[PDB]
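Peer 1: In this text, residue positions in the sequence shown follow the UniProt record's numbering: the first is 261, and each later residue adds one. Where a beta carbon is used, it is the ideal one built from N, C-alpha and C, also for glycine. Sharing a structure with you now.
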Amino acid sequence: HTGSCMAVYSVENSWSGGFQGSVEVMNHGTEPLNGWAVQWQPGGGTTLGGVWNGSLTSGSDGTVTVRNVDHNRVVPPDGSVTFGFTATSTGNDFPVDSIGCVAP
């Protein structure tokens, strides 16, 4: 009954026309899950660009996500892992709110 991941989302830096962000995701879930993701609604006039230590995609539902953490293979299991991404903008150089993680 219940038992899902938890995440800590932070903004690294922002600049005119874009920003950088990072997320830590801990294995608070009862099971380790390959392909888990961190998704959010982008700010008005902002969109994702690239990622490192992970993969990223945009969705047609007007939301964007960072998925498929690979580097959990290098660290020991049942720990926490972090990764970063960058976004580009023509309006909101900031996100909407703080967000958590999801599982497939």
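Measuring CB to CB, does residue 350 end up less than 8 Å from residue 305?
Peer 2: Translated into positions along the sequence shown, residue 350 becomes position 90. Translated into positions along the sequence shown, residue 305 becomes position 45. Going by C-beta atoms, residue 350 is nearer than 8 Å to residue 305.
Peer 1: Going by beta carbon distance, what residues of the same chain come within less than 7 Å of residue 337, once the five residues before and after it are set aside?
Peer 2: Taking the sequence shown and counting its residues from 1, one reaches residue 337 at position 77. Here the set comprises 292.
Peer 1: Is it right to say residue 322 is buried, meaning 16 or more other beta carbons lie within 10 angstroms of its own, or is it exposed?
Peer 2: Your numbering for residue 322 matches position 62 in the sequence shown. Counting Cβ neighbours within 10 Å, residue 322 comes out exposed, since fewer than 16 surround it.
Peer 1: From this set, 353, 332 and 361, which residue's C-alpha is nearest residue 294's C-alpha?
Peer 2: By 1-based counting over the sequence shown, the position of residue 294 is 34. Residue 332 is the option with its Cα nearest to residue 294.
Peer 1: By Cβ distance below 6 Å, which residues in the same chain neighbour residue 361 in space, the five residues on each side in sequence not counted?
Peer 2: Numbered from 1 along the sequence shown, position 101 holds the residue referred to as residue 361. Counting only Cβ-Cβ distances below 6 Å, and skipping sequence neighbours, we find 265, 267, 285 and 298.
Peer 1: In this structure, how does DSSP classify residue 273 when only helix, strand and coil are distinguished?
Peer 2: Your numbering for residue 273 matches position 13 in the sequence shown. Reduced to three states, the DSSP call for residue 273 is strand.
Peer 1: Whole angstroms is fine: what's the gap from residue 346's alpha carbon to residue 364's?
Peer 2: Here residue 346 corresponds to residue number 86 of the sequence shown, with the count starting at 1. Here residue 364 corresponds to residue number 104 of the sequence shown, with the count starting at 1. Residue 346 and residue 364: Cα-Cα distance of roughly 23 Å.
Peer 1: Give every residue of the same chain whose Cβ lies closer than 7 Å to the Cβ of residue 335, excluding the five residues on either side of it in the sequence, and list them in chain order.
Peer 2: Along the sequence shown, one-based indexing puts residue 335 at 75. Hits under 7 Å: 341.
Peer 1: Following the continuous beta strand (DSSP E) through residue 203, name the residue where it begins and the one where it ends.
Peer 2: Residue 203 is absent from the model: the chain starts at 261 and stops at 364.
Peer 1: Keeping to the same chain, check which residues put their C-beta closer than 8 Å to that of residue 307; ignore five residues upstream and five downstream.
Peer 2: The residue labelled residue 307 in the question sits at position 47 within the sequence shown. Excluding sequence neighbours, residue 307 sits near 318, 324, 347, 348 and 349.
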